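One chain comes next, on its own, written out as C-alpha cells in the form solved without the ligand.
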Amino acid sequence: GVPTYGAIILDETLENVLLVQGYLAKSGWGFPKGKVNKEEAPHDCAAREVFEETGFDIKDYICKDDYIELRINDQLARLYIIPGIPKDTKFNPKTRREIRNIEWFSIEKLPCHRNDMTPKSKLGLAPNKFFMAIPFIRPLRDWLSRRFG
C-alpha cells in the first residue's frame, strides 16, 4: 500500500479537532489525508491533501517531528499535528465532488474504540461514522498529554 499523509488540526483550546466527511466508500468522518505522489515529500503531500480537502494551508504550521503515524493493514498513515487553528476559520474544499462536509468535533466526545455487539451475542463491531478517525484518538490524547499536560 502507498503511504497516506494528512493532518490533525486542533483549535486554540485544544478541545476540538477538524474532521472531514466524504462520499460513498469514504462516507464517514476522518482526518483529511491522502495518497503520496511519486517523488513527493511527506510534508508536501500532507499540505496538499489538506489544502484540497479543507481549503486551509498548513504549510507554514507543519512541524516536522509532530505527527502520529499508524500502520493499518500494511498501509502507513501519518498525520501531522497542527494546533491552534482558530475555530472561526472558514474551510472550503476545492474537491467538492469528494468532500460532503467539514466540522469541528470535541476530542473528549469522539470514541477511541468501536463498540462490540456483545449485548446481541454477535461477533464484530457495530458501525461507527468515525471509523477512520478512531485509531488516532488515543494516540492523540496521549501525545497532547505529553506535549502540553
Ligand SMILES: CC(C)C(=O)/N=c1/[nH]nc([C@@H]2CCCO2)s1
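Each residue number is its position in the shown sequence, starting from 1.
Below: the form deposited with the ligand bound, not depicted.
Transferred by C-alpha superposition from where it sits in the deposited complex, the ligand keeps all its atoms beyond 2.4 Å of the backbone and C-beta atoms, leaving the site open. Mapping the unseen interface onto this chain, residue 27 counts among the residues with a heavy atom inside 4.5 Å of the ligand in the deposited complex. For residue 129, a non-hydrogen atom is located within 4.5 Å of the ligand in the deposited complex, even though that partner is not displayed. Although the ligand is not shown here, in the deposited complex the stretch 112-126 places heavy atoms of just one residue, 114, within 4.5 Å of it.
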